[PDB]
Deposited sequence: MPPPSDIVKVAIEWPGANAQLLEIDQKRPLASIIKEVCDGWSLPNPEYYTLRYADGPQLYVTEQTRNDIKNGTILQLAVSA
């Protein structure tokens, strides 16, 4: 299963991605972080523009806009 989303990062142009729901968020976040040349991806989390966790990952609907945010 796949889901289309946009991920925003302040100052940069958003990335329009099709997320593979079989890949861990951690691999997706590392790829998304590379897209904006960001190290230390583990300290980032996707939240709605609420957090996207592995537990709720499948609640995401096509066309939803996510933010790449610095974790707590």
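Novice: Please give the gaps, as residue ranges numbered from 1 in the deposited sequence, where no C-alpha is present.
Specialist: Going by the record, the segments left unmodelled (no C-alpha atoms) fall at 1-5, 55-58.
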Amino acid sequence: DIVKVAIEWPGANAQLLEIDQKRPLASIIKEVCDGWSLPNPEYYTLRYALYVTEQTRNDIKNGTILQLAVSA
From here on, numbers count along this sequence of modelled residues.
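Novice: Between 8-16 and 51-59, point out the one with the higher average CA B-factor as the PDB entry records it.
Specialist: Averaging CA B-factors over each stretch, the winner is 51-59.
Novice: So where's residue 43 on the chain's Cα temperature factor ranking, which third?
Specialist: Ranked within chain, residue 43 CA B lands in the highest tercile.
Novice: Ranked by Cα temperature factor within the chain, is residue 65 in the lowest third, the middle third or the highest third?
Specialist: It belongs to the middle third of the chain when residues are ordered by C-alpha B-factor.
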